[PDB]
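No lab work stands behind these numbers, since they all come straight from the coordinates. Cβ placement follows ideal geometry from the backbone for every residue including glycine, while neighbour counts extend to all protein chains displayed.
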Amino acid sequence: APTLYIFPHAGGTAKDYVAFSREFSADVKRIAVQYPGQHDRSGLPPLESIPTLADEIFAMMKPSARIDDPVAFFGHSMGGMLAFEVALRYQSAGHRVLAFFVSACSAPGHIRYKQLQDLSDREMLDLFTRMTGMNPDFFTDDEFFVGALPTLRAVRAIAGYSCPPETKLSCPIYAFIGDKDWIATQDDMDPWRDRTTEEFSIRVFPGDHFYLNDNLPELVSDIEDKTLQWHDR
């Protein structure tokens with residue numbers, strides 16, 4: 001039986017994907033990955049980055065599935081890069097990864113906001129300088145600062161993430177995009193085909209970044225179909 005790992009978006013919990021999984025209703029096991037957050041609010045994180053958190057998730061998820069049978073990966077937004085990186089660690093251990101399903105997540109090195117060098121404290125001022133903004137309005141210590149870090153930290157991790165061209169998966173990649181999304185577009189999601197040695201398919205859905213909710217039975221059907229077909233035996 002296949003186990004599909006679900007990787008949430010930046011501030012996303014495993015409770016957000018309960019309805020996404022429900023819908024599965026099939027001969028597929030569903031394990032929702034929870035990121036070690038839980039009040040870990042951290043700005044300018046020396047410790048946090050995409051491959052470092054992917055190494056942690058892998059250490060936590062390795063015991064969940066025996067080194068024999070099926071494993072498929074799904075990642076929405078930031079979870080797309082996390083699912084790719086953990087799927088690489090699974091493949092570098094001979095786990096027989098079925099496929100990789102990426103949703104609203106640009107291909108590695110196809111992010112435009114390379115503000116990796118930009119310090120967290122430094123970044124907010126940069127956000128403040130572009131627009132007509134009272135320096136005090138965002139820069140002041142009243143929470144705006146505390147509420148911003150969970151998202152600010154994610155921006156830096158994504159911006160700083162780079163994957164070498166030869167580090168590829170040995171399984172087919174299936175990309176899903178919302179036609180009215182601008183955090184990720186069909187154009188920047190398309191180079192994921194250079195992240196595999198097998199097949200690749202991109203499906204465009206009507207919606208924005210959160211189309212997932214508006215196109216739930218169609219998306220899960222594709223994921224379900226593709227999972228079963230590769231794994232079928």
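Could you work out how far the C-alpha centroid of region 9-37 sits from that of region 157-233, in angstrom? That distance is 17 Å. For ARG122, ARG156, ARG233, the sequence from fewest to most other C-beta atoms within 10 Å is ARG233, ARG122, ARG156.
Shown in residue order for region 68-76 are the 3J(HN,Hα) couplings computed by the Karplus curve 6.51 cos²θ - 1.76 cosθ + 1.60 at θ = phi - 60°: 8, 9, x, 7, 10, 10, 10, x, 9 Hz (x for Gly and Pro). Between rounded, prolate and oblate, where does region 158-208 land on the alpha carbon gyration tensor, with a ≥ b ≥ c its root eigenvalues, rounded for a/c under 1.5, else prolate if a/b exceeds b/c? In terms of gyration-tensor shape, oblate.
With the simple spin-label model, which puts each label point 7 Å out from Cα in the Cβ direction, the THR52 to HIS39 separation comes to 2.2 nm. In this simple spin-label model, placing a label point 7 Å from the Cα along the Cα-to-Cβ direction at both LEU149 and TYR113 gives a separation of 1.9 nm. Take every Cα pair under 8 Å whose residues are at least 6 apart in sequence, average their separation, divide by the length of the chain, and the relative contact order is 22 percent. Of the residues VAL220, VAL18, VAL86, the one with the fewest other Cβ atoms within 10 Å heads the list, and the complete ranking is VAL18, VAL220, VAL86.
For the chain, the 222 nm mean residue ellipticity estimated from helices alone, with every DSSP H stretch of n ≥ 4 adding -39500 (n - 2.57) and the total spread over all residues, rounds to -11000 deg cm²/dmol. Shape of region 185-233 from its Cα gyration tensor (a ≥ b ≥ c, root eigenvalues): rounded if a/c is under 1.5, otherwise prolate when a/b > b/c, or oblate? Cα axes put region 185-233 in the oblate bin.
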